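Shown next as structure tokens: one chain only, the form deposited in one PDB entry.
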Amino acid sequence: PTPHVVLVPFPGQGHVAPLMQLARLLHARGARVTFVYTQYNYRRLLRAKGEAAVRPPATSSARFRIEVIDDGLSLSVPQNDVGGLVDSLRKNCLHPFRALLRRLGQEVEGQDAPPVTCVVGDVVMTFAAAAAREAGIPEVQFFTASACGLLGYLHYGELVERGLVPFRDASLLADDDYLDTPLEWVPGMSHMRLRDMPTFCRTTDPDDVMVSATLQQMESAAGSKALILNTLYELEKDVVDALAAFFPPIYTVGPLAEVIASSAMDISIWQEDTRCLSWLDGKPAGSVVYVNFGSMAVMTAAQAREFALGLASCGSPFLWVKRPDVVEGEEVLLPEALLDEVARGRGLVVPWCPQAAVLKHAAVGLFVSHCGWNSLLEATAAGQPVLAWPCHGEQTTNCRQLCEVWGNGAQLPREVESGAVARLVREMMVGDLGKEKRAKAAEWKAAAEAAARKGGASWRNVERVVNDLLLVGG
């Protein structure tokens, strides 16, 4: 009997990517896969890339099905409106997904399809677990960010109990001294501060969507058959050991993409710029500052101007991925100093890039990052030190660990100012600060390679979760 796994990501590229990595692996191991897109995600992909690029090839098509479910969302909802996305999905997708499961069951007799044997839901997509449980189908959840981020979200309830959420004083939401307050009660992260908690706690609304949804997600995941985390156990040991008491068995599989690599579908609305890698070929080893802020976050025009002036004054060539909609508001031209550097060939601004390959390019010496988890996994595998500017969600938690525990990064202030940007980049490129972080980055690169090669800790967890849970139906 062919196992049949249904996978359900949240509609953001950092959630689709790890679940698609897993789906491709399961297909390689002989499973039937059904990959479930929301209509929001699917229609936005089709209008950007066309159906042919988004759907599977005819070679894999027999055992790789794409299905689309209703979500009630306008395609105009932007990726930075996380609460709007989360609220519609949790309210609107359950009954469409229940109907999809029924249809897949009818296809067993109708077309000799394999019965569904497991659902793998993104922790965010709690309806997937609810529907699987109703139907008597095992379900295993996949949290797509860091273990430290999960630990933060797990303690949102305790923030509420201690009166810290919602914020009773709106003036404290951005009070840097208040946000520095230590929270000494988080197991596995004794150095947690209020600002290090994932940022959605910073709300005065007692009915805030993201706090409510996080509580639902934690309760859902606690009831799953198992939990997949795309992280390196060695990197996050203290946090994972603290998480163990609150969840089903945890499998640390990170970096999953590297486990697969050791041993045909476009998931992005953006086109990766092919000129990046050849431009880097023309630059000396370790010389280039690479800047990228992921697929969801936005910044202000003033922040963008200060980053641009900081890059022009930092002393290094740079590759800046400036996503086309990253800046709130009307288009503002880049400063003359940066444009002249681009014209001289010393800098390059592109809309989107092949990120894993860019980070592994010998010319890159530093990653200025928003601290999105997939980006940090890509930097960790590449051995690139990180200068952090966390934006939302668990990016703050990641930044705290980068700085204080993992040791492969340093942080910029939230309020971007060109002079301080240039100075911190310079310290990271030629200073003792950068030497320390780059050396630690090299250690984590070796650790990630050991974990991902055959016999390593992440490799073993991939084999166990795949063979003992995901492919075992039949």
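For every residue, the number given is its place in the sequence shown, counted from 1.
Beyond the structure shown, there is the form solved in complex with a small molecule, which is absent from this document and is the topic of what follows.
K.L.:
Based on heavy atom distances of at most 4.5 Å to the small molecule in the deposited bound form, which listed stretch, 311-319, 109-117, 391-399, 237-245, is the contact stretch?
P.N.:
This holds for exactly one stretch, 391-399.
K.L.:
If we define contact as a non-hydrogen atom of the residue within 4.5 angstroms of the partner, is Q217 a contact of the small molecule in the deposited bound form?
P.N.:
Close contact exists here: in the deposited bound form, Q217 approaches the small molecule to within 4.5 Å, heavy atoms only.
K.L.:
Indicate whether the small molecule has at least one heavy atom within 4.5 Å of a heavy atom of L150 in the deposited bound form.
P.N.:
No, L150 stays farther than 4.5 Å from the small molecule in the deposited bound form.
K.L.:
Just checking whether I250 would be counted as a contact of the small molecule in the deposited bound form - the rule being heavy atoms within 4.5 angstroms.
P.N.:
It does not: once the small molecule is placed as it appears in the deposited bound form, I250 has no heavy atom within 4.5 Å of it.
K.L.:
Hey, in the deposited bound form, is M192 touching the small molecule, heavy atoms inside 4.5 Å?
P.N.:
No, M192 stays farther than 4.5 Å from the small molecule in the deposited bound form.
K.L.:
Using heavy atoms only and a 4.5 Å cut-off, determine which of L387, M296, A226, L334 is in contact with the small molecule in the deposited bound form.
P.N.:
Contact check passes for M296.
K.L.:
Please pick, from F200, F127, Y233, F307, the one residue with any non-hydrogen atom lying within 4.5 angstroms of the small molecule in the deposited bound form.
P.N.:
By the 4.5 Å criterion, the partner-contacting residue is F200.
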